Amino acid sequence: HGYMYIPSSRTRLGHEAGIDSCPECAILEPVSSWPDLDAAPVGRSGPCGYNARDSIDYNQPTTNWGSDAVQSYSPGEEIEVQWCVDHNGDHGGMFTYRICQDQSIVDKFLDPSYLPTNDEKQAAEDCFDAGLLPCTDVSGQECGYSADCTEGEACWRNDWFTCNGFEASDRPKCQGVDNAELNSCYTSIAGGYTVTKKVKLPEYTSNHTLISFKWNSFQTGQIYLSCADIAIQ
């Protein structure tokens, strides 16, 4: 249970606008989430997420999200990205952020009068995967391998970020990355913890595009997706 927090995702805005009672609940399941992190179809979840709790499809703007960029950045800027994990749903695993560099694809997700089909969601997901923002593009950022993976498996990749080990004595799981205080970010079930990293934005301009967060579980078959509206100018 988690969602993207900084920049402010559509899911965060759905919470703050009073629409989404459980932002951390928007989940892609059942799926195979491990060890192949990208094979599972995204279905109705798409790159922005679908929350079954209040029947919210974040792939479509509404009055409450998706209308405009929440934040503006520069091409190639190294930026803070943060997600929020619920205390009762800290799965460990691996996560990443992606930007699709095909504006015409993205445009179908920016139209309050249009809901992308599942096929359009998948074509967009493939563009996002091509646009993954590697951990290793940020000088000095330590980009390790998961304690839940072995070399030779499709999870053995340090373009994705990893949470800390599930079984670690000290600072386990995703909460252990920042070791922040409880309620450092909002979740509805048991309160949230921040999970913070840096990414290098692409050398690409847009007045309105998306960054999509993806978090895959290792111990259960579950993926969490969110997306934030951004500008790169």
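Residue positions are given as counts along the sequence shown, with the first one as 1. Note that the rigid core is defined as the largest set of C-alphas that superpose within 1.5 Å between two forms.
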property	result
Of 12 to 20 and 218 to 226, which departs more from this form in 7 other deposited structures of this protein by CA RMS after core fitting	218 to 226
Positional deviation of Cα atoms in 7 other deposited structures of this protein after core superposition, greater for 25 to 33 or 167 to 175	167 to 175
Greater mean Cα temperature factor according to the PDB record, 52 to 60 or 204 to 212	52 to 60
37 to 45 versus 63 to 71 - which carries the larger mean C-alpha B factor in the record	63 to 71
Member of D102, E151, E125, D137 with the greatest C-alpha B factor (per the PDB record)	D137
Position of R10 among the chain's modelled residues by C-alpha B-factor, lowest, middle or highest third	lowest
Lowest, middle or highest third - CA B-factor, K121	lowest
Ranked C-alpha temperature factor of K197 among modelled chain residues, by third	lowest
Where the record places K108 (Cα B-factor, split into thirds across the chain)	middle
Where the record places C22 (Cα B-factor, split into thirds across the chain)	middle
